[PDB]
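Take a look at the letters that make up each chain.
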Amino acid sequence: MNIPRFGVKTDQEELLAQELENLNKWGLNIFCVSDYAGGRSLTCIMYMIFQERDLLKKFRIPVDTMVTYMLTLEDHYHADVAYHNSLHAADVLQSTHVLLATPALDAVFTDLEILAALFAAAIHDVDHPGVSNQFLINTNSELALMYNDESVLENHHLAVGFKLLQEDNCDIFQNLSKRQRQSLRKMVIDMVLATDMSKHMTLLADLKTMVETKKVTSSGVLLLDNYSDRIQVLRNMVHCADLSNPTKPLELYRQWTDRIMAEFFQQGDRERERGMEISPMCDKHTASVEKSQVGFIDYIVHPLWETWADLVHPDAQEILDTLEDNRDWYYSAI
Ligand SMILES: CC(=O)CCCCn1c(=O)c2c(ncn2C)n(C)c1=O
Ligand SMILES: [Mg+2]
Ligand SMILES: [Zn+2]
């Protein structure tokens, strides 16, 4: 291919150039990006980010190969799924891109660790069917049997993300050294596996413990002396970016909330048809969208982002406020 300016073919190039000025900002509107990029946000944003960080040249990644992988990856997100489609992936990627550039983490991560995090973010939900792990377990699916009921979807996301590199002209890591490929794989595994919600408690516990014994340079920049600490920060970062929806401008968060409930209810419908015990928040006949988000933010999202903010202080101060404003907004919408 000839490679379009912003990676994708668009009829609204300038309206798109407008939004991409927010590429490095929390305030980026990915819904607009999707609209202006013919529904290919993940391909667009990943291309932009990779140019922005000079990652194509750094790792000697042919552009045509990069674009072919990204389109392939995007195609394996399900368009009929309400929330867990390529838009969610583009969102999580871009948030991750911002969280990497946060001042308190300046010159901490290697280029490889950066590359891994962005690759993990992009693939973390590929080929999601629109139902939870427990649904795949209860139905005795092939997937749940392969992976022994443990992080089924997440394991599936890793398998699919990596196997796609083998489709014609998709090997974006072809010029990486063996050592680097080995190392990237590990990091990506750890990060994607950390997006299983049942890992959240331990993840946050470790992050909290990290925060209490943190050491800083003269500048305010965090000092992560060794590898083990860094991947712990990377795991939490992608996890944060994954649950970053309620930290965004209210206009966006509400649209995310609508997408997730549609997905949730659609599972519930299917659970009902099959006479299965309905999963939490999936019963359209008894679910309070507004209560659920307040519980979610109170028990999961605030504790998570608070701890992250302590770690990167004071870089996340505005993000934390926005979460608290959004919490309040949903509290009063009951
Ligand atoms: C709007 C948004 O952030 C959806 C992505 C998170 C999905 N999600 C949950 O995972 C969840 C939840 N409550 C408990 N849990 C474990 N809610 C409300 C939720 O949306
Ligand atoms: Mg996931
Ligand atoms: Zn996700």
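Listed as the method for this PDB entry is X-ray crystallography; the listed resolution is 2.84 Å.

Where the PDB entry is consulted, the chain appears under the name cAMP-specific 3',5'-cyclic phosphodiesterase 4A, with the organism given as Homo sapiens. The header of this PDB entry states its title as "The structure of PDE4A with pentoxifylline at 2.84A resolution".

Our next topic: the site of ligand 1. Around ligand 1, the structure places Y83, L243, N245, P246, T257, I260, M281, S292, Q293 and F296. Side-chain polar atom of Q293 to an oxygen atom of ligand 1: 3.5 Å apart, as the coordinates give it. In isolation ligand 1 has 460 Å² of accessible area, and contact with the protein removes 83% of it. Here the element with the most residues in the shell around ligand 1 is helix 15 (residues 289-312); it accounts for three residues. Grouping the amino acids of the shell around ligand 1 by side-chain chemistry returns six nonpolar, four polar and no charged.

Here the structure, examined in full by the defined rule, presents 13 salt bridges. Measuring nitrogen to oxygen at the nearest pair gives 3.3 Å for the salt bridge that ties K58 to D111. Placement of the pair is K58 in helix 4 (residues 55-58) and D111 in helix 7 (residues 111-123), with a sequence separation of 53 residues. For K58, a relative accessible area of 47% gives the class partly exposed.

Here the focus is the coordination of the zinc ion (ligand 3). At the metal site, the zinc ion (ligand 3) is ligated by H88 (NE2), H124 (NE2), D125 (OD) and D242 (OD), and these contacts range over 2.1 to 2.3 Å. Considering all four donor atoms around the zinc ion (ligand 3), angles at the metal cover 82 to 165 degrees and the coordination shape is irregular. Mapping the donors of the zinc ion (ligand 3) onto the primary sequence yields the spacing H-x35-H-D-x116-D. Taken as an interatomic distance, the gap from the zinc ion (ligand 3) to the magnesium ion (ligand 2) is 3.9 Å; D125 donates to each of them. Here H88, found in helix 6 (residues 86-101), pairs with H124, found in the loop between helix 7 and helix 8 (133-138); they are 36 residues apart in sequence, far enough to count as distant. The class of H88 is buried, set by a relative accessible area of 1%.

As a volume, the largest pocket reaches approximately 1200 Å³. Counting only elements with at least two residues in the lining of the largest pocket, the list comes to helix 8, helix 10 (152-163), helix 14 (250-273) and helix 15. Among the elements that line the lining of the largest pocket, the one with the most residues is helix 14, at nine residues. Each pocket or cavity is described by its volume, and for the second largest pocket that value is around 290 Å³. Around the second largest pocket sit 18 residues that line it, and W26, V98, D315, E318 and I319 are the ones nearest its centre.

Okay, the packing of aromatic side chains next. Per the stated rule, a full pass over the model turns up eight aromatic pairs. Pairing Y83 with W256 gives two aromatic rings, centres 5.9 Å apart and planes at 75 degrees, and the pair type is edge-to-face. Placement of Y83 in the loop between helix 5 (63-75) and helix 6 and of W256 in helix 14 is noted, with a sequence separation of 173 residues between them. For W256, a relative accessible area of 2% corresponds to the buried category. Positioned above the aromatic ring of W26, the side-chain terminus of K248 is 4.9 Å from the ring centre.

The rules behind each value
Residues numbered from 1 in each chain as written, not as in the entry; some residues may be left out. Chains lettered and ligands numbered in written order. Heavy atoms only, no water. Residues with missing side-chain atoms left out of burial classes, pairs and counts. Near = heavy atom within 4 Å. Polar contact = N/O pair within 3.5 Å; in protein donor to acceptor, adjacent residues only side chain to side chain. Areas by Shrake-Rupley, 256 points an atom, 1.4 Å probe, with all protein chains shown as cover. Helix = DSSP H or I, 4+ residues; strand = E, 2+ residues; numbered from the N terminus. Nonpolar A, V, L, I, M, F, W, Y, C, P; charged D, E, K, R; others polar. Salt bridge = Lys/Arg side-chain N within 4 Å of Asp/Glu carboxyl O. Buried < 20%, exposed > 50% of the residue type's maximum accessible area, 1.4 Å probe, protein only. Donors = N, O, S within 2.8 Å, 3.2 Å for Na, K, Ca; no water. Tetrahedral: all angles 85-135°; square planar, octahedral: opposite > 155°, others 65-115°. 1 Å grid on protein atoms, 1.4 Å probe; cavity = no way out; pocket = protein on both sides within 12 Å on 5 of 7 lines; lining within 4 Å. Points joined across faces, edges and corners; volume = space filled by probe spheres on them. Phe/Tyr/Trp six-rings, centres within 6.5 Å; stacked < 30°, edge-to-face > 60°. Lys NZ or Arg CZ within 6 Å of the ring centre and 35° of its normal.

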